[PDB]
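First structure 1, then structure 2: two forms of the same chain, each alone, as structure tokens.
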Structure 1
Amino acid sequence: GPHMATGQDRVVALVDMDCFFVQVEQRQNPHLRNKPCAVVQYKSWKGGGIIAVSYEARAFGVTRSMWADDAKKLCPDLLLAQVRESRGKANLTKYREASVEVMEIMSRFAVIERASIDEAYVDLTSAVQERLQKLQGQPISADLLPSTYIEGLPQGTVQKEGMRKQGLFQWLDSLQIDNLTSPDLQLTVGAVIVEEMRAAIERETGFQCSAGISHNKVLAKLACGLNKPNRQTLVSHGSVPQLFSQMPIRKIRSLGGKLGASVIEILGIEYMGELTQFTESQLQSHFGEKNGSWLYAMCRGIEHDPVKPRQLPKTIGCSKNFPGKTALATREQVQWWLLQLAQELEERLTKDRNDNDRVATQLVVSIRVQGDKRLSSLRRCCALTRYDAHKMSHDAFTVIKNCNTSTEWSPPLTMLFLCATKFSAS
């Protein structure tokens, strides 16, 4: 209607590096390039755990959270790159640093929110407006969108590239003919900018990535996953009804867990589109005020979560699991590993201070004991006055020590977790 908002106010993108750890190792070792490849941490137990898988390898059914020995069964010629091991634990410095490479390049084009080590949201609203004035009254060539997919098109050719182009042509012709909306043009320009951003990333780092372009973060992330790897997908406001009509609820971000399952069970539906039938009040009564309102808008393709201008992580942490018989049963053992964790943490913290002009003021300590269903048996915190590994390990020990029911440590600890938080300018 005249007064119903359509959530077409912004142009937002979600960029995801494809199989990012694998790409990092592949850039470093040319032998791994263009091959079924995976990144493994630890080697002793069942060949180690796969944490990242190349698309060649995925074709064989190889997945993350899979034992290397089992991956080798599915893909005999699988090549493996090992995560760096420092102080007896996995060290992800190489990947964090690679992430910084990419993020810095992205920031040149637009404002970014660092979602994760391999994921970032991008707010293109301002950039699109500027590009439009420069580009005013100028048709947009398909050549400007060499890797772009328009979801829902074509509508009305057997090769995938043929289909992509036909879909693109229909979209562009419509744009061109004045049949589409102002918001549609804005998304289109956003896509052009993302193509340029992704080209810059590849040229300057060698890394490829997939991206989604839409009017909000949720649609952008969903769009990103539609065409991978090394491709980008534009999801228009108009494409939502058809797209959501067969979209499982769990596919929407934040709906992949218990809430999503409750939605399906309580309402007796499967797909995101089915949510439109319910009143905002109905949804709120079942799932709470905040969730209900969010669901009511989201099923209609509307989401208002802002892309936060955050280039750096809010927290800096390290942890190690001690599963099965490796569980820590002695006091000296626990202290030694706390020291290992504290030492890596100190190095990363000092680096962070020099690079980013900030200091952490809080240290969080978490542990898990054997037989405990919960991920965390306890979570305690204390002041972080100095970037000193010995002091940090000592303090962490002090806060968790009464946890021991009773030289020996009982019950044995299956997890140790240190996190630096509450940063201040410096």
Structure 2
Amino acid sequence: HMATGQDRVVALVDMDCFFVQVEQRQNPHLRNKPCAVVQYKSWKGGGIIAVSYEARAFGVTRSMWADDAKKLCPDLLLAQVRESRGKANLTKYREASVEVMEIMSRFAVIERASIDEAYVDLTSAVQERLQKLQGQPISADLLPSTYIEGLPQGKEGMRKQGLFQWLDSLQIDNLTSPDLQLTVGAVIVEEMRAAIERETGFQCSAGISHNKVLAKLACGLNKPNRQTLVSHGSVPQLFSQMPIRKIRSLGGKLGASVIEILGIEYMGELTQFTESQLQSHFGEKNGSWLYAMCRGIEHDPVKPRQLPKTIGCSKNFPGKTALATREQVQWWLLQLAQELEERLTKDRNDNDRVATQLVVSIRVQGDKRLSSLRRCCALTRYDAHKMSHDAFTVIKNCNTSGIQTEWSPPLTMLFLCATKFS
């Protein structure tokens, strides 16, 4: 149960090349063809953020210029993100995301984790399904696209063989058997994904396991329109060669410290250290967390749908682009406040609350820190012009140039945020 961290059934659903599929739903002509989506069109045709699987076979990857990508995929077609106030506009994608989320919310409550993925806690649905099943076996036909991680031992054929070996050894009578709960959870996810495709046409992948970390890791294991079930017994093999920085929450300084201090590279190697050793090197909390996590145990619950605590937006101006004149800072503050007003207005329309505070943050050229300073003021009226003047008033004192004709030092970031909701 809880001792072995097998108390819940959690799943993660992530859309395959989400932006590409959204383009395919609205503009048919790009469908079933190698394509990509670029961001900025003049420098080099734009950075690539979403690539179709057909094009991935040719070696094309994201974070590389469109013209440089045409090198190995001459058939490659390009689609562009609309631009607004100098930054990307994702309304189309966010609305499609909402569509999918609403369809998923029918089977169970979800936790939106990004623009194209969300976690689902199926524990209750699994109980209901185990009752309604009434002891009938689970045939492989109920899982047409499910992969069992770690099997077979000793491509569609491999999937079916692993599924047969998994199903033939499952407990039938012990209704609290972790493996049985996962199998039923995968059945429910098969239904959920079938419904999602039927009503929207989108394809996706999913991961099924006992916690968020394993569900996420499992989702990307068998990438396009496939789902992976990760049992507690399969964790050791899966972790044997799993990069530490690939585990949710260990991708930053903590993970790097673990690698550096213990001289290891893969998650599976942490199993050899004692809990006291992990606590003596990383602290009580991180030590216990690592000790349980390397054994497949994690407890963050899938928290329910929530109202945002803040609404904000920002923009970066690197190098040459650094804001030097007063006109520039005034104009960009105004642009930000107009986007803010648009969002605050929709927010107030949908949730009957008004933000009472405006937080202003900036970054000065030459400073390594994320923000040079942050200040706040009352946000009484949802008027972009007023907010722009208030933000300017708090940031104007910073200007060190007694000339008053320019900004010295320049600003490399502007951030506006509404909070203290009611």
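What we label the rigid core is the largest C-alpha set whose atoms superpose within 1.5 Å from one form to the other. For residue numbers, the reference is structure 1: its sequence is counted from 1.
With the core fitted between structures 1 and 2, just one of 237, 89, 114, 231 shows a Cα displacement of at least 2 Å, namely 89.
When two forms of a protein are overlaid on their rigid core, residues whose CA moves 2 Å or more are considered shifted, and residue 53 is not one of them between structures 1 and 2. Once both forms are fitted on their rigid core, the CA atom of residue 146 lies less than 2 Å apart between structures 1 and 2. Relative to the superposed core, residue 165 shifts its CA atom by less than 2 Å between structures 1 and 2. In the core-aligned comparison between structures 1 and 2, the Cα atom of residue 281 sits 2.7 Å away from its counterpart.
Taking the core as reference, the C-alpha deviation of residue 201 between structures 1 and 2 is 0.5 Å. The shift recorded for the CA atom of residue 268 between structures 1 and 2 is 1.3 Å, with superposition on the rigid core.
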